[PDB]
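Here is the structure we will look at.
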Amino acid sequence: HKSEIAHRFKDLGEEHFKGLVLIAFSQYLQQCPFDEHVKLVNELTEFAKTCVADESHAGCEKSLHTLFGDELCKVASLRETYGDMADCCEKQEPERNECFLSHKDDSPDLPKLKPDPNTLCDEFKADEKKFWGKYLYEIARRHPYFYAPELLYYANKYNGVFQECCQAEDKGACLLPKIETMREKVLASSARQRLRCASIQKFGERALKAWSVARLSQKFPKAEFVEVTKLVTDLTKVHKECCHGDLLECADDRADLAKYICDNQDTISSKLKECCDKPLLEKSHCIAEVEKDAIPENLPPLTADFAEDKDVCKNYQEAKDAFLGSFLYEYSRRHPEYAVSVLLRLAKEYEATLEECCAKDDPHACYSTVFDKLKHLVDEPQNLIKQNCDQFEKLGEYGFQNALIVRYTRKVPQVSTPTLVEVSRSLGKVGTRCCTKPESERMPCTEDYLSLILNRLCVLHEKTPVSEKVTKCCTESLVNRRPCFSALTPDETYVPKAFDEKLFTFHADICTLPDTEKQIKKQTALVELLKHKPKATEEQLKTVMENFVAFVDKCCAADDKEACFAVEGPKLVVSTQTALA
Ligand SMILES: CN(C)c1ccc2cc(/C=C/c3cc[n+](C)cc3)ccc2c1
Ligand SMILES: CN(C)c1ccc2cc(/C=C/c3cc[n+](C)cc3)ccc2c1
Ligand SMILES: CN(C)c1ccc2cc(/C=C/c3cc[n+](C)cc3)ccc2c1
């Protein structure tokens with residue numbers, strides 16, 4: 001086992017090999033053209049084939065990141081295009097590789113793909129392998145933290161849609177509904193992975209480890225604790241390597257894990273038979289999306305192991321993370337109706353109970369009643385969903401977006417405008433994704449997605465920190481972000497923004513831009529409105545909104561759009577400044 005490059009090549013095969021290397025280069029250099037990365041992939045691939053033939057050949061024993069870093073440093077346009085990135089190549093390993101990772105851009109400013117089915121189906125028949133790569137390069141360059149083995153899965157189902165749609169009479173009718181159903185899933189998968197990496201890089205291995213204990217024991221209530229711990233150890237390693245750019249080691253270990261569980265179905269879960277007959281990529285995705293198993297019939301009451309035992313303090317101190325891991329497992333298995341975001345909050349609260357109770361001279365009097373305290377955590381969110389689902393159904397998606405945009409801009413005005421827009425749009429979609437579900441399931445849906453969206457706000461905010469209120473809730477804890485943001489109030493410590501005419505001038509292009517761009521442009525001007533008038537009441541904001549709708553509709557219809565915006569524009573500013581100031 002003397003050549004890491006050869007060990008990886010043999011295990012995944014050339015096609016997967018080229019795929020993940022193109023991913024790694026796409027996430028490292030997101031602005032570099034597609035063709036330049038293919039040569040890098042092709043060059044490194046031939047060298048790998050040389051090492052499989054001869055392992056004693058020069059350079060075959062070097063670490064993966066070295067070879068990757070070596071080829072990255074030869075890019076003639078490294079400095080002039082990525083700036084300070086070009087000083088990474090002055091470092092040794094592993095400080096050099098860490099210098100690259102720190103430059104992954106979560107807001108790459110990349111154009112928005114407008115796929116046209118005619119030219120797109122033409123590119124597929126031209127070369128089925130090249131089109132496969134183009135999707136890889138385009139998805140990975142806008143999401144540099146994507147779970148790489150899943151991107152290949154999405155890439156195969158991509159060509160699969162084309163395989164069946166480019167042969168129909170109405171291509172457009174076949175392609176566009178399938179790809180949009182996919183586009184939502186890949187963004188949801190990118191946000192999930194971005195939160196997993198955020199856990200380790202900002203809260204430690206124990207944070208991602210405890211997340212796996214939650215979901216696994218939830219999905220696999222039959223597997224005993226020793227079995228769950230085994231899967232957790234290897235799964236956390238899989239995510240640890242993927243989040244660290246160790247894509248080749250990540251995929252290989254995901255394949256090794258998917259192989260282990262299928263050969264151990266009887267001791268894990270009974271709903272994996274169908275999941276364990278698909279090919280490699282399909283199988284692993286099936287495993288992650290598998291239905292949960294049935295709760296055992298005669299489970300001992302939770303109070304037994306963690307409340308009345310006169311040795312809870314003893315068993316805790318000897319193996320804290322193991323004793324706590326046992327608690328999450330026992331609680332996650334018996335309660336699959338809880339959201340993951342909820343269960344770790346119960347374990348984190350139980351942890352805080354043990355540290356302080358065992359300090360007291362009579363810990364037994366202190367921790368025996370912890371479950372009464374814990375039971376009260378589940379009901380605290382319960383009324384937030386209702387107030388949000390009622391507002392939701394009343395105003396609708398688009399109106400609900402502007403509702404939170406108004407509410408949350410008043411809470412954290414210092415945040416930059418493109419962030420408040422993007423985040424407030426995603427939060428409103430949680431209504432369409434959760435408030436139509438059954439009532440007793442509306443709360444698990446919300447908290448799950450909220451933790452994926454609030455992590456985006458933090459991820460976008462830690463790059464350019466401008467708000468202390470946001471930094472506090474993002475770094476205090478990983479589980480209590482949703483209550484920490486919901487508990488924020490509009491503070492009178494924020495000075496309103498000075499008036500900017502350019503942020504309220506409109507042109508005839510508003511009648512041309514795509515629908516998403518029309519709404520984003522309108523919501524961007526809305527955010528700037530509150531940054532200037534943070535205390536404008538809801539009745540006045542209602543007035544301005546209708547005045548702006550009538551403004552846009554009027555001028556998108558006249559014979560001369562330019563002269564209409566010319567005249568009516570200033571009029572709107574006057575009436576708005578009068579009504580609000
Ligand atoms: C796609 N491809 C070329 C291949 C070919 C062969 C592969 C073998 C293994 C494990 C092989 C083994 C190793 C050790 N024992 C005791 C049994 C089996 C894993 C992935 C593979 C991938
Ligand atoms: C465009 N498209 C639908 C298709 C169809 C079939 C494809 C097969 C491969 C081979 C993958 C492999 C090759 C060699 N070993 C040892 C294992 C796996 C790669 C991409 C494909 C793309
Ligand atoms: C406090 N409570 C038990 C609840 C809960 C949910 C409720 C929903 C509605 C529907 C409101 C609507 C009606 C029609 N459109 C088109 C949208 C929304 C009315 C009262 C409610 C009262």
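By order of appearance in the structure tokens: chains A, B, ..., then residues from 1 within every chain, and ligands from 1 in the order shown.
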(Q) So that I can check the surroundings of residue 428 in chain A, please list as number ranges by chain every protein, DNA and RNA residue that reaches within 10 Å of it, counting only C-alpha atoms and ignoring chain neighbours fewer than 5 positions away. (A) A: 388, 392, 396-405, 423, 433
What would the file look like if the residues just selected were written as a compact mmCIF listing (two decimals), in the first residue's frame with C-alpha atoms?
# COMPACT_ATOMS: atom_id res chain seq x y z
CA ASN A 388 -46.25 31.29 10.35
CA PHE A 392 -48.41 31.82 4.82
CA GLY A 396 -49.06 33.23 -0.36
CA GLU A 397 -45.46 32.40 -1.21
CA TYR A 398 -44.45 35.66 -2.91
CA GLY A 399 -46.27 37.77 -0.32
CA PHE A 400 -44.80 35.65 2.47
CA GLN A 401 -41.29 36.34 1.13
CA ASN A 402 -41.84 40.09 1.48
CA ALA A 403 -43.32 39.49 4.94
CA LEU A 404 -40.15 37.92 6.33
CA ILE A 405 -37.97 40.32 4.33
CA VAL A 423 -32.19 34.21 2.81
CA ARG A 433 -42.59 22.77 1.95
Q: Could you pull out the residues sitting within 9 Å of ligand 1, using only C-alpha atoms and all ligand atoms, and write them as a list in words?
A: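 After applying the 9 Å limit, what remains is residues 9, 10, 11, 12, 13, 14, 16, 252, 255 and 256 of chain A.
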Q. Contacts of range 548-550 of chain A at 12 Å or less, counting only C-alpha atoms, minus same-chain residues fewer than 2 places along, as a ChimeraX atom specification?
A. /A:504-506,510,518-519,522-523,525-526,541-546,552-557,565,568-569,571-573,575-576
What does the file look like for those residues with N, CA, C and O atoms, as a compact mmCIF listing (two decimals), in the first residue's frame?
# COMPACT_ATOMS: atom_id res chain seq x y z
N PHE A 504 -33.37 53.37 -5.65
CA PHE A 504 -34.81 53.46 -5.88
C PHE A 504 -35.14 53.99 -7.27
O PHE A 504 -36.30 54.37 -7.51
N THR A 505 -34.18 54.02 -8.18
CA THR A 505 -34.43 54.41 -9.56
C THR A 505 -34.67 53.16 -10.39
O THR A 505 -33.94 52.17 -10.27
N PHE A 506 -35.71 53.20 -11.23
CA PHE A 506 -36.10 52.05 -12.03
C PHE A 506 -36.06 52.39 -13.51
O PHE A 506 -36.32 53.53 -13.91
N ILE A 510 -36.91 46.46 -16.10
CA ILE A 510 -37.73 45.71 -15.15
C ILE A 510 -38.88 45.00 -15.85
O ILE A 510 -39.38 43.98 -15.36
N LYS A 518 -37.22 39.70 -11.73
CA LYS A 518 -38.15 40.78 -11.41
C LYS A 518 -38.45 40.81 -9.92
O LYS A 518 -38.45 41.88 -9.30
N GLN A 519 -38.71 39.64 -9.32
CA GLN A 519 -39.04 39.61 -7.90
C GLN A 519 -37.82 39.95 -7.06
O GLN A 519 -37.94 40.65 -6.05
N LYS A 522 -37.32 43.65 -7.11
CA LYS A 522 -38.31 44.32 -6.28
C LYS A 522 -38.02 44.11 -4.80
O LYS A 522 -38.17 45.04 -3.99
N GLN A 523 -37.60 42.90 -4.42
CA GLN A 523 -37.31 42.63 -3.02
C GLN A 523 -36.00 43.29 -2.58
O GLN A 523 -35.85 43.63 -1.41
N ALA A 525 -35.02 46.30 -3.64
CA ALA A 525 -35.44 47.66 -3.33
C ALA A 525 -36.26 47.72 -2.04
O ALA A 525 -36.23 48.73 -1.34
N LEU A 526 -36.99 46.64 -1.73
CA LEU A 526 -37.73 46.60 -0.48
C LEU A 526 -36.79 46.59 0.72
O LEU A 526 -37.01 47.31 1.70
N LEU A 541 -46.08 50.47 4.89
CA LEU A 541 -45.45 49.53 3.97
C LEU A 541 -46.47 48.93 3.01
O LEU A 541 -46.18 48.73 1.83
N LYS A 542 -47.67 48.63 3.51
CA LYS A 542 -48.75 48.19 2.63
C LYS A 542 -49.04 49.22 1.55
O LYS A 542 -49.16 48.88 0.37
N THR A 543 -49.15 50.50 1.94
CA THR A 543 -49.42 51.56 0.98
C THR A 543 -48.34 51.62 -0.10
O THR A 543 -48.65 51.68 -1.30
N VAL A 544 -47.07 51.61 0.30
CA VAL A 544 -45.97 51.74 -0.65
C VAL A 544 -45.98 50.58 -1.65
O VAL A 544 -45.74 50.78 -2.85
N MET A 545 -46.24 49.37 -1.17
CA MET A 545 -46.21 48.20 -2.04
C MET A 545 -47.23 48.32 -3.17
O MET A 545 -46.91 48.09 -4.34
N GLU A 546 -48.47 48.69 -2.84
CA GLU A 546 -49.48 48.90 -3.87
C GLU A 546 -49.10 50.04 -4.81
O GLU A 546 -49.33 49.96 -6.02
N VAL A 552 -45.26 49.93 -11.68
CA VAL A 552 -44.62 49.04 -12.63
C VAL A 552 -45.58 48.68 -13.75
O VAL A 552 -45.21 48.68 -14.93
N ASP A 553 -46.83 48.37 -13.41
CA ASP A 553 -47.81 47.99 -14.42
C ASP A 553 -48.09 49.14 -15.38
O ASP A 553 -48.25 48.93 -16.59
N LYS A 554 -48.18 50.37 -14.86
CA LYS A 554 -48.46 51.53 -15.70
C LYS A 554 -47.39 51.71 -16.77
O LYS A 554 -47.71 51.91 -17.95
N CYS A 555 -46.12 51.65 -16.38
CA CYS A 555 -45.04 52.01 -17.29
C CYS A 555 -44.62 50.87 -18.21
O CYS A 555 -44.04 51.13 -19.27
N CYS A 556 -44.89 49.62 -17.84
CA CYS A 556 -44.64 48.50 -18.74
C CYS A 556 -45.68 48.39 -19.85
O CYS A 556 -45.60 47.46 -20.65
N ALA A 557 -46.64 49.32 -19.91
CA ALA A 557 -47.70 49.28 -20.90
C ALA A 557 -47.73 50.47 -21.85
O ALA A 557 -48.29 50.34 -22.95
N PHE A 565 -41.09 55.75 -16.84
CA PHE A 565 -40.22 55.65 -15.67
C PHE A 565 -39.55 56.99 -15.37
O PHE A 565 -39.31 57.33 -14.20
N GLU A 568 -42.77 59.13 -13.81
CA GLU A 568 -43.44 58.55 -12.65
C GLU A 568 -42.46 58.15 -11.55
O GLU A 568 -42.87 58.06 -10.39
N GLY A 569 -41.20 57.90 -11.89
CA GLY A 569 -40.21 57.51 -10.92
C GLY A 569 -40.07 58.50 -9.78
O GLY A 569 -40.31 58.17 -8.61
N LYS A 571 -42.01 60.84 -8.93
CA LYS A 571 -43.29 60.97 -8.23
C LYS A 571 -43.41 59.94 -7.11
O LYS A 571 -43.84 60.27 -5.99
N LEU A 572 -43.05 58.69 -7.39
CA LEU A 572 -43.13 57.64 -6.38
C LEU A 572 -42.25 57.95 -5.18
O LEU A 572 -42.67 57.78 -4.03
N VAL A 573 -41.02 58.40 -5.43
CA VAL A 573 -40.10 58.73 -4.34
C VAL A 573 -40.70 59.80 -3.43
O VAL A 573 -40.59 59.72 -2.20
N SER A 575 -44.00 60.66 -2.89
CA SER A 575 -45.11 60.15 -2.10
C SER A 575 -44.64 59.16 -1.04
O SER A 575 -45.20 59.12 0.06
N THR A 576 -43.62 58.37 -1.35
CA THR A 576 -43.08 57.43 -0.37
C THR A 576 -42.37 58.17 0.76
O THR A 576 -42.61 57.90 1.94
Range 165-249 of chain A residues near range 473-479 of chain A within 10 Å, closest pair each, using only C-alpha atoms, as a Markdown table:
| residue | atom | partner | partner_atom | distance |
| --- | --- | --- | --- | --- |
| A:195 | CA | A:478 | CA | 9.7 |
| A:198 | CA | A:478 | CA | 9.1 |
| A:199 | CA | A:478 | CA | 7.2 |
| A:202 | CA | A:475 | CA | 7.8 |
| A:203 | CA | A:478 | CA | 7.3 |
| A:207 | CA | A:478 | CA | 8.0 |
Q) Do you know which residues are at most 10 Å from range 150-165 of chain A counting only C-alpha atoms, after dropping those on the same chain fewer than 2 positions away, and could you put them as a PyMOL selection string? A) chain A and resi 16+19-20+23+117+120-121+124-125+128-129+131-136+139-140+146-148+167-176+178-179+182-183+185-186+189-190+251+280-285
Just-selected residues, N, CA and C atoms written as a CSV table (one decimal), in the first residue's frame:
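The resulting out.csv:
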chain,number,residue,atom,x,y,z
A,16,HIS,N,-15.3,7.0,-12.7
A,16,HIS,CA,-15.5,7.7,-11.4
A,16,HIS,C,-14.3,8.6,-11.1
A,19,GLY,N,-14.3,11.7,-12.9
A,19,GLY,CA,-15.4,12.5,-12.4
A,19,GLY,C,-15.1,13.3,-11.1
A,20,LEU,N,-14.6,12.6,-10.1
A,20,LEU,CA,-14.3,13.3,-8.8
A,20,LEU,C,-13.1,14.3,-9.0
A,23,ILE,N,-14.5,17.3,-10.2
A,23,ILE,CA,-15.2,18.0,-9.1
A,23,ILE,C,-14.2,18.7,-8.3
A,117,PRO,N,-34.1,23.7,-24.5
A,117,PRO,CA,-34.1,22.3,-24.8
A,117,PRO,C,-33.5,21.9,-26.1
A,120,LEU,N,-29.8,22.1,-26.0
A,120,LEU,CA,-29.3,21.2,-25.0
A,120,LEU,C,-29.3,19.8,-25.4
A,121,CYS,N,-30.5,19.3,-26.0
A,121,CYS,CA,-30.6,18.0,-26.5
A,121,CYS,C,-29.6,17.7,-27.6
A,124,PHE,N,-26.2,16.8,-26.1
A,124,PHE,CA,-26.2,15.5,-25.5
A,124,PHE,C,-25.9,14.4,-26.5
A,125,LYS,N,-26.5,14.4,-27.7
A,125,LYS,CA,-26.2,13.4,-28.7
A,125,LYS,C,-24.8,13.6,-29.3
A,128,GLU,N,-22.1,12.0,-25.3
A,128,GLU,CA,-22.8,11.7,-24.0
A,128,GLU,C,-21.9,11.8,-22.8
A,129,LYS,N,-20.6,11.6,-23.0
A,129,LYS,CA,-19.6,11.7,-21.9
A,129,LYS,C,-19.3,13.2,-21.6
A,131,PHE,N,-21.1,16.0,-22.2
A,131,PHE,CA,-22.3,16.6,-21.5
A,131,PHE,C,-22.3,16.1,-20.1
A,132,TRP,N,-22.1,14.9,-19.8
A,132,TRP,CA,-21.9,14.4,-18.4
A,132,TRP,C,-21.0,15.2,-17.6
A,133,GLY,N,-19.8,15.5,-18.2
A,133,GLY,CA,-18.8,16.3,-17.5
A,133,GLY,C,-19.2,17.7,-17.3
A,134,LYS,N,-19.9,18.3,-18.3
A,134,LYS,CA,-20.3,19.7,-18.2
A,134,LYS,C,-21.2,20.0,-17.0
A,135,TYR,N,-22.2,19.1,-16.8
A,135,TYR,CA,-23.1,19.2,-15.6
A,135,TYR,C,-22.3,19.1,-14.3
A,136,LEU,N,-21.4,18.2,-14.2
A,136,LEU,CA,-20.4,18.1,-13.1
A,136,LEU,C,-19.7,19.4,-12.8
A,139,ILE,N,-22.2,22.3,-11.7
A,139,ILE,CA,-22.8,22.2,-10.4
A,139,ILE,C,-21.8,22.4,-9.3
A,140,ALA,N,-20.6,21.8,-9.5
A,140,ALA,CA,-19.6,21.8,-8.5
A,140,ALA,C,-19.0,23.2,-8.4
A,146,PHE,N,-20.2,20.7,-2.2
A,146,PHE,CA,-21.1,19.6,-2.5
A,146,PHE,C,-20.6,18.3,-2.1
A,147,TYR,N,-21.4,17.4,-1.6
A,147,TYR,CA,-21.1,16.0,-1.4
A,147,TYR,C,-20.8,15.3,-2.7
A,148,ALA,N,-19.5,15.1,-3.0
A,148,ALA,CA,-19.0,14.8,-4.3
A,148,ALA,C,-19.6,13.4,-4.8
A,167,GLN,N,-36.0,11.8,-27.2
A,167,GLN,CA,-36.6,11.0,-28.2
A,167,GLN,C,-38.1,11.2,-28.3
A,168,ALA,N,-38.6,12.1,-27.6
A,168,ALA,CA,-40.1,12.4,-27.7
A,168,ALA,C,-40.3,13.5,-28.7
A,169,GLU,N,-41.6,13.7,-29.1
A,169,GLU,CA,-41.9,14.7,-30.1
A,169,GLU,C,-41.9,16.1,-29.6
A,170,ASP,N,-42.2,16.3,-28.3
A,170,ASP,CA,-42.2,17.6,-27.6
A,170,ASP,C,-41.1,17.5,-26.5
A,171,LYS,N,-39.9,17.8,-26.9
A,171,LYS,CA,-38.8,17.7,-26.0
A,171,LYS,C,-39.0,18.7,-24.8
A,172,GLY,N,-39.4,19.9,-25.0
A,172,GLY,CA,-39.6,20.9,-23.9
A,172,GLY,C,-40.6,20.4,-22.9
A,173,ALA,N,-41.7,19.8,-23.3
A,173,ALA,CA,-42.7,19.3,-22.4
A,173,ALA,C,-42.1,18.2,-21.5
A,174,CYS,N,-41.1,17.4,-22.0
A,174,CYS,CA,-40.5,16.3,-21.2
A,174,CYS,C,-39.4,16.8,-20.3
A,175,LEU,N,-38.5,17.7,-20.8
A,175,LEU,CA,-37.3,18.0,-20.1
A,175,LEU,C,-37.6,18.9,-18.9
A,176,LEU,N,-38.3,20.1,-19.2
A,176,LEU,CA,-38.4,21.1,-18.1
A,176,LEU,C,-39.0,20.7,-16.8
A,178,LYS,N,-38.9,17.7,-15.4
A,178,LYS,CA,-38.0,16.8,-14.7
A,178,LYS,C,-36.8,17.5,-14.1
A,179,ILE,N,-36.2,18.4,-14.9
A,179,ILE,CA,-35.0,19.1,-14.4
A,179,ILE,C,-35.2,20.0,-13.3
A,182,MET,N,-35.4,18.1,-10.3
A,182,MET,CA,-34.1,17.8,-9.9
A,182,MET,C,-33.4,19.0,-9.3
A,183,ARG,N,-33.5,20.2,-9.9
A,183,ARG,CA,-32.8,21.4,-9.4
A,183,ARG,C,-33.1,21.7,-8.0
A,185,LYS,N,-33.9,19.4,-5.7
A,185,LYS,CA,-33.3,18.4,-4.9
A,185,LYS,C,-31.8,18.6,-4.7
A,186,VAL,N,-31.1,19.1,-5.8
A,186,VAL,CA,-29.6,19.2,-5.7
A,186,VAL,C,-29.3,20.4,-4.9
A,189,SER,N,-29.7,19.2,-1.4
A,189,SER,CA,-28.5,18.4,-1.0
A,189,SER,C,-27.3,19.2,-0.8
A,190,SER,N,-27.1,20.3,-1.6
A,190,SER,CA,-25.9,21.1,-1.4
A,190,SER,C,-26.0,21.8,0.0
A,251,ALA,N,-15.3,9.0,-1.5
A,251,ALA,CA,-16.2,8.1,-2.3
A,251,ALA,C,-15.8,6.6,-2.0
A,280,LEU,N,-23.9,0.8,-7.6
A,280,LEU,CA,-23.1,1.5,-6.6
A,280,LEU,C,-23.8,2.9,-6.3
A,281,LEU,N,-23.9,3.8,-7.2
A,281,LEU,CA,-24.3,5.1,-7.0
A,281,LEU,C,-25.8,5.1,-6.5
A,282,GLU,N,-26.7,4.4,-7.2
A,282,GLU,CA,-28.1,4.3,-6.9
A,282,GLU,C,-28.3,3.7,-5.5
A,283,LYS,N,-27.5,2.7,-5.2
A,283,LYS,CA,-27.6,2.0,-3.9
A,283,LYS,C,-27.4,3.0,-2.7
A,284,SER,N,-26.2,3.7,-2.7
A,284,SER,CA,-25.9,4.6,-1.6
A,284,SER,C,-26.9,5.7,-1.4
A,285,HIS,N,-27.4,6.2,-2.5
A,285,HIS,CA,-28.5,7.2,-2.4
A,285,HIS,C,-29.7,6.6,-1.8
Could you give me, as JSON lines, a per-residue list for chain A showing, wherever an atom lies at most 7 Å from an atom of ligand 3, the closest pair of atoms and their distance in Å to one decimal, using only C-alpha atoms and all ligand atoms and sorting by chain then residue number from low to high?
{"residue": "A:386", "atom": "CA", "partner": "ligand 3", "partner_atom_place_in_ligand_line": "5 (C)", "distance": 6.6}
{"residue": "A:390", "atom": "CA", "partner": "ligand 3", "partner_atom_place_in_ligand_line": "8 (C)", "distance": 5.6}
{"residue": "A:393", "atom": "CA", "partner": "ligand 3", "partner_atom_place_in_ligand_line": "18 (C)", "distance": 4.2}
{"residue": "A:394", "atom": "CA", "partner": "ligand 3", "partner_atom_place_in_ligand_line": "18 (C)", "distance": 4.3}
Q: List every residue of range 79-325 of chain A that DSSP, applied to the backbone, labels as helix (DSSP H, G or I), and write the result as a ChimeraX atom specification.
A: /A:79-90,95-101,117-126,128-142,148-165,171-203,205-219,225-242,247-262,265-267,280-288,302-308,312-318,320-325
